[PDB]
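Reading through the structure tokens given below for one structure.
Number of protein chains: 2
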Amino acid sequence: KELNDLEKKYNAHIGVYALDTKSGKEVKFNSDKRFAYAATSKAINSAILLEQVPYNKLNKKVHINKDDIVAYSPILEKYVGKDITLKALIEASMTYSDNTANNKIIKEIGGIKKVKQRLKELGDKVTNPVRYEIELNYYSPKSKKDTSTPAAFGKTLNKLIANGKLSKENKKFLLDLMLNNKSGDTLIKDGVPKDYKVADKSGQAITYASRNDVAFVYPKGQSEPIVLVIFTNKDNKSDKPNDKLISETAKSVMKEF
Amino acid sequence: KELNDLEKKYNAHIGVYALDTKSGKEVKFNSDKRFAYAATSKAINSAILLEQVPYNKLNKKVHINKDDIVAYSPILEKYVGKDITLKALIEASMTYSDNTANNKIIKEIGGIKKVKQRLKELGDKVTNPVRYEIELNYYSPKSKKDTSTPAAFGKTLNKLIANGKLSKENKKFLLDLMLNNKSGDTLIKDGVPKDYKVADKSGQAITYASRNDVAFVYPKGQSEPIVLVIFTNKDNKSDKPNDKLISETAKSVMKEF
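Top to bottom, those sequences are chains A and A'. A prime marks a further copy of an entry chain.
Read in order, the letters of the first sequence correspond to residues 31 to 57, 59 to 84, 87 to 290 in PDB author numbering.
Read in order, the letters of the second sequence correspond to residues 31 to 57, 59 to 84, 87 to 290 in PDB author numbering.
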């Protein structure tokens, strides 16, 4: 379970930050090294929008046209020239990792700048959103663009969602999407003990086998979640990642709690 | 609401079969004309597998290798060389319309032949599965391959799921996937009245703007569903469909109940 020999077994780099929100106990490993967060940022944008729009007001529609459309939008693809509710945008973003949905949410929030401002209010000076989908995924170890550290990103998830200011309804709406999500089943969920419940949002950048998973993990018997951010990448641009790496990382970290 | 002037407004062909399972009242329109059912068949395969595997036994894993992988498998893509539960296969098939998941389910059932045999036991001599994903989507008006009529397909959905022999748990597991599904939101769900609950599985063949949606529709106040099959296509191979066509078709048909 040493994270060091997980990096060896897999020849990858692991960035972890786990915070038991009950005890405040943290597990860090390369927790201050930057990683491209890819689709895991969708959790952040969704949370931020849910801060400014009451659950009852998620039924508000927003028009989607061709310009809004970006690659890998299994849901939003068909909304060209149609309206979609803020509620359905968030579901598309969280369940399907829909790229057009996420951009739209960011737009609704006020843009990247607004996202940045918010991050800064949350005391997050590390999380660096610079581009929208899908370009936020063109990770370069040379660039800080669209990257965060496991610690900065974890602290933000905590402050925004776990110990945030979301209403009961919106927090539930969001955590349930991440809970019900079957997309990151091979990641944190795969490595945690049978009885734990995992509310995650996976992600994978285009380069360096940047494969991430962030989650609200709930040990059987605990209602308070452990915020778990696992970012992983490899040395080469075209490197393919191994999800079992995240699964094994979550297994190990969870044993700390 | 005449279906005829919906076909005019949209210059498309509508195939409908609605059966109120409570009253046994039916609404038909070109209900005996063949249409490519595309991903809507996933509902059928899932139901059939759920007939032979108890809910508690869905945790059984099945190995996925490269050969199993077909196009548009947002979930199953990453399972190459990994195991997946029958439960996660069905979720992938129903929520994400995952093609590799569906093929695997068909394999688990015993193959297309087995599916055929089952259809025949259900008194369905029309539904004609011939290929797996993704080729089942190469629709030709000249070919009966992978097509069914709205009536034959509707009667099968009814006999297999609605008035089928699924256990409480499996029927729920499946209907909840279709209920929670945000993929066909622009279809039946878009056209039914606000308070209705729609448990659907959309679909779109590669050709002739073959855009379908099948659902278990629940009027507010009714627990028994109305099985609604709406198949639509156009004259030309490269025709793009308009989902609002299905939405408007569902609106009209629902007024019959």
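Beta carbons: idealized from backbone N, C-alpha and C, even for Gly.
Contacts around A':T71, its chain only, beta-carbon distance under 6 Å, and the 5 residues preceding and following it disregarded: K234, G236, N245, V247
The alpha helix (DSSP H) with A':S77 in it runs from where to where? 72-83
Do A:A242 and A:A67 have their CB atoms nearer than 7 Å? Judged by beta-carbon spacing, A:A67 lies beyond the 7 Å limit of A:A242, meaning their Cβ atoms are not closer than that value.
Indicate the three-state DSSP secondary structure (helix, strand or coil) for A:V250 in the structure shown. strand
Kindly indicate which three-state DSSP category A:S235 falls into: helix, strand or coil? Reduced to three states, the DSSP call for A:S235 is strand.
Can you tell me the Cα-Cα spacing of A:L212 and A:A48, whole angstroms? Distance from the CA atom of A:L212 to the CA atom of A:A48, rounded to whole angstroms, is 18 Å.
CB-CB under 7 Å to A':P107, same chain, minus the five flanking residues each way: which ones, in chain order? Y129, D131
A':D218 CB to nearest chain A CB: under 7 Å? yes
Using the C-alpha atoms, what's the distance from A:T282 back to A:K198? 30 Å
Per DSSP, what are the beta-bridge partners of A':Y47 in this structure? A':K59, A':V262
Could you give the distance in angstroms between the alpha-carbon of A:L261 and the alpha-carbon of A:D276? 15 Å
Near A':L122, what residues of its chain come up, given a Cβ to Cβ distance below 6 Å and the 5 sequence neighbours on each side ignored? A134, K137, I138
Could you say which of A':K192, A':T51, A':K215, A':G54 lies nearest to A':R151 if we only look at CA atoms? A':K192
Over the uninterrupted beta strand (DSSP E) stretch that includes A:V95, give me the two end residues. 94-97
Candidates A:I279, A:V113, A:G254, of which the one nearest A:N266 by Cα: A:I279
Cutoff 7 Å: A:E124 Cβ touching any chain A' Cβ: yes
Could you say which of A:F264, A:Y251, A:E202 lies nearest to A:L220 if we only look at CA atoms? A:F264
Looking at A:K94: is its Cβ nearer than 7 Å to the Cβ of A:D63? no
Would you please verify whether the beta carbon of A:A242 is less than 7 Å from any beta carbon of chain A'? So, not an interface residue.
Measure how close the beta-carbons of A:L169 and A:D179 come, nearest whole angstrom, since I'm counting them as under 8 Å. Taking 8 Å as the upper bound for CB-CB distance, A:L169 and A:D179 are in contact here, some 4 Å apart.
Among the residues of its own chain, which have a CB less than 8 Å from the CB of A':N196, if the five just before and after it don't count? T51
Looking at the strands, I want to know which residues DSSP matches up with A:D116. Beta-bridge partners assigned by DSSP to A:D116: A:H96.
Kindly indicate which three-state DSSP category A:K230 falls into: helix, strand or coil? strand
Out of A':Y172, A':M287, A':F206, which has the shortest C-alpha to C-alpha gap to residue 315 of chain A'? Because chain A' spans 31 through 290 in this model, residue 315 of chain A' falls outside it and cannot be assessed.
Spatially closest choice to A':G144 from A':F206, A':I79, A':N61, by CA coordinates: Per the Cα distances, A':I79.
So which residues of chain A' does A:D276 contact, with C-beta pairs closer than 7 Å? Residues of chain A' passing the Cβ test: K111.
For A:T128, the three-state DSSP class (helix, strand or coil): Helix at A:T128.
For A:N161, three-class secondary structure by DSSP: coil
If you check the beta carbons only, do A':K284 and A':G224 fall under 7 Å apart? yes
Checking 7 Å against the spacing of the C-beta atoms, do A:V103 and A:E166 come in under that value? yes
Can you pull the DSSP bridge partners for A:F66? A:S181
Buried/exposed call for residue 317 of chain A', threshold 16 Cβ in 10 Å: Chain A' is shown only over 31 to 290; residue 317 of chain A' falls outside these bounds and no answer can be derived.
Any C-beta of chain A sitting closer than 7 Å to the C-beta of A':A70? Taking 7 Å as the CB threshold, A':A70 stays off the interface with chain A.
For A':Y40, which residues from the same chain have a beta carbon less than 6 Å from its beta carbon, with the 5 sequence-adjacent residues on both sides left out? Around A':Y40: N275, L278.
Can you check DSSP and say which residues form a bridge with A':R244? A':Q237, A':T265
Return the CA-CA distance between A:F249 and A:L81, expressed in angstroms with no decimal places. 17 Å
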